[PDB]
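Let me begin by presenting the structure, written as structure tokens, before commenting on it.
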Amino acid sequence: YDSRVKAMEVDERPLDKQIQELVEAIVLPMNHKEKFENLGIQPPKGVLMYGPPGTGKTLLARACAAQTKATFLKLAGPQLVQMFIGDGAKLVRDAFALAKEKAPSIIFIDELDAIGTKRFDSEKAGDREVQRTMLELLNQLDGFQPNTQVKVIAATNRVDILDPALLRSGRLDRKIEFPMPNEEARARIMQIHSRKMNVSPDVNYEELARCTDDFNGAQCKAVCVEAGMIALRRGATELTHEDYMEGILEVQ
Amino acid sequence: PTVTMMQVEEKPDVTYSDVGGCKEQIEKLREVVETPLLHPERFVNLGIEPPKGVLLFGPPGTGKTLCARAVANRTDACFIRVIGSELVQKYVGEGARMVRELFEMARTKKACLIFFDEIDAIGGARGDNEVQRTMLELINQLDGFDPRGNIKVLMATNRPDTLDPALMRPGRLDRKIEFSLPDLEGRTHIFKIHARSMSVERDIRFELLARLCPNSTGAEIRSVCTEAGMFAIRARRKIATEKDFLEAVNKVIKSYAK
Amino acid sequence: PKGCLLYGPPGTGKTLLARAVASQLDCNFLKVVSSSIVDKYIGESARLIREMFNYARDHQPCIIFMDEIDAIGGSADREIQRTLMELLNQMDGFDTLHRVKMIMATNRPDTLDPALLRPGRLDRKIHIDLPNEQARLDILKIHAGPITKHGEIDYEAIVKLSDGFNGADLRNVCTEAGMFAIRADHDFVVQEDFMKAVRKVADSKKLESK
């Protein structure tokens, strides 16, 4: 029933200061239950990956899901907004029923601050049953001790709206701030994202690294694929060095 | 609906060199609509994948004709086009099985090219959830590489006020170029290859008749090329001369374009 | 005795105790959302309000919880005030509330409808600023069981050097120091990382306690 939310996406598989604690904080709670039972440590459930734009949290967390290799489920923010009623029990108990019974998967969501607004201005707003959905989320992630099952990963593009009652292991606990890392790191993750193609063995990474400023990872992959667009018709079967900065100065 | 029987495109039509003045853009789109099919191995060995596609919007001009031209100049098997004016109809919900059956036929056609026309009839998100299901399910079934993510991406629309396709198009669509309206010296090739009809006298200079018809769409100049032989045979003659229907030309554009 | 208010300005604690009793017995299992009142559409859900309260009065045992009420207690307003009048007619009407019990919870005690704060509706008021340290020491003793520690132990530094916190905060900081101790792959965990890590991280929670 309600295949629009039940069968959302049938998928199996798709900066060190945050990807270390992130990848560890999502991989070690999966298998390393022995030390969790020896030292009594509880696996973290909620994580707040916030910060300014220009980083690409969606594709970075998607790459983390590629590092986990487990099942991945896609879900967006405004997808909970539906004209029908009673979506809290049906959607929360449905997605948490398939996640409750099925194998341990990974559920990464985004745009949570917009749908998690407590309605400061009470003039007129329909965002009241999505607030019901949030109260049932904190209800089933707070009042249920057997909730050591499949985690729920959240991501917010801004911290303008923040519920002060989100202080719990099951709730948003790992407040990951974006310190705007160095450009060479984006040239490293982009170097890994572009090492498969035939690249000429002369790249200094200084120009193409410095040119990438406040640019998400999806835009960097748009620079790589965009470089492959004209690079396919350049005649040479190997990518050149000026095509990175040409793509940045072409679509960016 | 009529989109199932009207969806299949056949009966070839207006050919390549009748483009509306586009000299660079005809290569910018030919390199993705004709070159990948003619050289599949050259794009796999010479690079990583063939190009995705182009994007034509803005002024109407000769729109909706160049894609039928791409259907005409197909060397292997004419592809299927999809219009958007049939998606927004009463009793919504059939668009899911519709896009799944036309994409299912696309998988039945060894992943053939699928053109999408008139995105503005289902675009412009700005009670509209029934439209959001069709357009968000469509974009979900286009950006999603599960059926195919390499065939073709092209949206020929008139109004660019579509908010969601404008932000979702950087995912898989590309080449945010304009329409490149036909210039003055563009129609001379339309006359050159449209001279393949009944024997036309060589006194008709194609540059003069081409430059004496401004602001004329591709369908308009096609109707002029049809009325040239029409008003040329209505006189029970055997040859066509510009002096026989010049008044019909400058009248059919002037009196009908004031 | 037909109502009670639990307002804690610092941190939490109403959901910890409401979850301790509501998770212990609760006399039933039926949670009522304190935000799904009117509608998302035209306000014709009076059959849903009188249906939910119709079941709350149909069943003999019933306990209703309402959390985060400060957002709903602030043409579009005439229906809000009309539903507040419906709450006045359903809480102080011709219906003896001798068996049903309701508990209201909030976040900031500044906009709690002083008209609704009249005695009779919310009779009991308790400040959870400093919970006598019994919840802190108790949650620290139940969280100190499975974790192995060295013989050198001093709970007075953790209980005394931490104020204005709760059980969930203290368990997230104690487990945060337990992860800080598991990063160094050591078997035993001394309380030095508890005093320094819980002290400094606790100061970061005091700074980020907005």
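Chains as they are written, first to last, in PDB author numbering: chain F, 168 to 181, 191 to 428; chain A, 159 to 284, 291 to 422; chain E, 167 to 240, 248 to 383. In this text, a Cβ means the ideal position worked out from N, Cα and C, and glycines have one as well.
Excluding sequence positions up to five away, which residues of its chain have a Cβ less than 8 Å from the Cβ of residue i?
i        : result
A:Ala421 : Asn379
F:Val427 : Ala398, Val399 and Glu402
E:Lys322 : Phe361, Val362, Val363 and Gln364
A:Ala412 : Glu391 and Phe395
Would residue i pass as an interface residue toward chain E - the criterion being a Cβ-Cβ separation below 8 Å?
i        : result
F:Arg171 : no
F:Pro355 : no
F:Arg334 : no
F:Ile217 : yes
F:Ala252 : no
F:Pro340 : yes
Only counting the same chain, and skipping five residues up and downstream in sequence, which positions put a Cβ closer than 6 Å to that of residue i?
i        : result
F:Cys387 : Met421 and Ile424
E:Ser335 : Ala375
E:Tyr173 : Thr279 and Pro282
A:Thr223 : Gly382
Taking the DSSP output, what are the residues bridged to residue i?
i        : result
F:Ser376 : DSSP output for F:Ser376 lists no bridge partner at all.
F:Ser281 : F:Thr247
F:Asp178 : F:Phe248
A:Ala320 : A:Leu214 and A:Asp275
F:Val199 : Paired residue(s): none; F:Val199 is not in a bridge.
E:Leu172 : E:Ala278 and E:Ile299
F:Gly222 : F:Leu348
A:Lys340 : A:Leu213
A:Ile238 : A:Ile272
F:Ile406 : Note: F:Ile406 sits in no beta bridge, so no partner.
Establish whether the CB of residue i and some CB of chain F are separated by less than 8 Å.
i        : result
A:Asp307 : no
A:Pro329 : no
A:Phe273 : no
A:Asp367 : no
E:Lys314 : no
A:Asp325 : no
E:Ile208 : no
E:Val273 : no
E:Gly266 : no
A:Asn293 : yes
A:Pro311 : no
A:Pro334 : yes
E:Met277 : no
E:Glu252 : no
E:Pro319 : yes
State yes or no: is the beta carbon of residue i nearer than 8 Å to at least one beta carbon in chain A?
i        : result
F:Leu408 : yes
F:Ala398 : yes
F:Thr324 : no
F:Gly404 : yes
F:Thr413 : yes
F:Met373 : yes
For residue i, I'd like the list of residues in its chain whose CB is within less than 7 Å of its CB, leaving aside the five on either flank, ordered along the chain.
i        : result
A:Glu276 : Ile241, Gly242, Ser243 and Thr321
A:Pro346 : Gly178, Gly179, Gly219 and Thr220
A:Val212 : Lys186, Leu187, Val190, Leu318, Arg339 and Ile341
F:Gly346 : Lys221, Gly222, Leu317, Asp318 and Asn323
E:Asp192 : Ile229
E:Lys383 : none
F:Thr293 : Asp303 and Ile337
Cβ contact check for the segment 163-181 of chain A and the segment 354-373 of chain A: 3 or more pairs under 8 Å: yes
Within 9 Å of chain C by C-beta, residues of the segment 205-216 of chain A in sequence order: Absent here is chain C; the protein component of the structure consists of chains F, A and E.
The segment 360-370 of chain F / the segment 321-328 of chain F touching (three or more Cβ pairs under 8 Å): no
Stretch pair the segment 377-387 of chain F + the segment 246-255 of chain F: three plus CB contacts closer than 8 Å: no
Three-pair Cβ contact test at 8 Å for the segment 208-227 of chain A versus the segment 313-329 of chain A: yes
Segments assigned alpha helix (DSSP H), at least 4 residues, entirely inside the segment 324-399 of chain F: 359-370 and 382-387
Sufficient close CB pairs (3 or more, under 8 Å) joining the segment 352-361 of chain F to the segment 215-228 of chain F: yes
Touching by the beta-carbon criterion (3+ pairs, under 8 Å), the segment 334-344 of chain E and the segment 236-243 of chain F: no
Whole beta strand (DSSP E) elements within the segment 273-360 of chain E, 3-residue minimum: 274-278 and 297-299
Inter-stretch contact at 8 Å, needing at least 3 Cβ pairs: the segment 283-297 of chain E / the segment 305-323 of chain E: no
Three-pair Cβ contact test at 8 Å for the segment 195-212 of chain E versus the segment 304-317 of chain F: yes
Touching by the beta-carbon criterion (3+ pairs, under 8 Å), the segment 301-308 of chain A and the segment 194-213 of chain A: no
Segment contact flag, the segment 214-229 of chain E with the segment 333-348 of chain F, C-beta cutoff 8 Å, min 3 pairs: no
Inter-stretch contact (C-beta, 8 Å, three-pair minimum) for the segment 165-173 of chain A and the segment 228-241 of chain A: yes
The segment 396-409 of chain A in contact with the segment 361-369 of chain A per 3-pair CB rule at 8 Å: yes
Alpha helix (DSSP H) runs contained entirely in the segment 340-396 of chain A, provided each spans 4 or more residues: 351-358 and 370-375
Three or more C-beta pairs below 8 Å linking the segment 264-273 of chain F and the segment 202-222 of chain F: no
Secondary structure, alpha helix (DSSP H): runs of 4+ residues fully inside the segment 168-196 of chain A: 183-191 and 193-196
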